[PDB]
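Next up is one chain by itself, shown in structure tokens, the form deposited in one PDB entry.
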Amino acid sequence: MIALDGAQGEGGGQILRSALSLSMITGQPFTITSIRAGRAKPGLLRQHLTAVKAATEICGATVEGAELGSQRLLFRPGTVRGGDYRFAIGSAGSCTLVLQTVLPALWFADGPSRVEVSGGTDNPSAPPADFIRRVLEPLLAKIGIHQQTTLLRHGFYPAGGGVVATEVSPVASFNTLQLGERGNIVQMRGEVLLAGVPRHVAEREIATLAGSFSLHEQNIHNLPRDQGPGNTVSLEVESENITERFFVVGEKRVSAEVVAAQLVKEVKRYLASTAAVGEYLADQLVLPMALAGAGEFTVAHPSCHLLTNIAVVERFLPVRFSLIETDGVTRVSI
């Protein structure tokens, strides 16, 4: 029984989701207190409750404290099972966050699984569901993890409606991933996703990307208007050792040029370091690498989220992380 203080690091939902995952994998139960204690609406909100129930269902846990506003939670996992799971988060609800809770555990399930989640997929506060398939999965495959995500329908905040489905197989063995240098840029590509939003908005965004970067491809993907309004712009940087993809989800009163220019600045900050992975992808490689007992990547700067994922992993798993930050590059390794 691990006792977690939910007020470590940035002190929000990340602590809870990472522990839920690690509890399921390791079978170690846990209690967490001060869940989001300083936030406007403190304790477990409806989205956290959704994540806890999904976890509960895939491993038959026994739970105490799973109620709105609760600041305490006790989770005692059972055996992780395979099979066809369908969850509904709806609302703002990020698909991504349910998936990040349950996917790692399903890697240890007793058989293959399929996880369907309906809810938001594209929201300006966080990387879209599309980041799983396009950036995360190919690095999971090299670690020896079998996970294939399909966006079946986008749900653009504030609208829900999106549909994501991931197929997963139990891992046989973990490989050691070693990322240091990106390597030379092989190609960049820009894509605009549109649903119920005029075409010219994608032509302008694509032209702002094209003003700064040489693009191998300039794609405009139009979705059915029933999924809109929505606009997402992404830029892929395929280097010799890694493929990264950066995303800006467009907001209601923001213009095309401002959405695009935020994307351009994020890409130039990645290119300005020699680090192989961006901040957010760095947070997601922590667990799979912990799980393999070895591996490394470079990230520009350690972040609070990186520290917190590392701390929660180290409570459940006997691995230790080293962090050697020295020349505008931080090497993260087992």
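What we label the rigid core is the largest C-alpha set whose atoms superpose within 1.5 Å from one form to the other. Residue numbers here begin at 1 and follow the sequence given.
Absent from the display: the form deposited in another entry. The rest refers to it.
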Rigid-core-referenced C-alpha movement of 2 Å or more between this form and the one not shown, selected from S125, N184, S255, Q187: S125
C-alpha of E314 moved at least 2 Å between this form and the one not shown on rigid core: no
So with the core overlaid, does the Cα of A7 end up 2 Å or more away between this form and the one not shown? yes
Closer or farther: how do the Cα atoms of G12 and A51 compare in the other entry relative to this form, given a change of at least 3 Å? closer
Is the CA-CA spacing of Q8 and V319 tighter or wider in the other entry than here, given a 3 Å or more change? farther
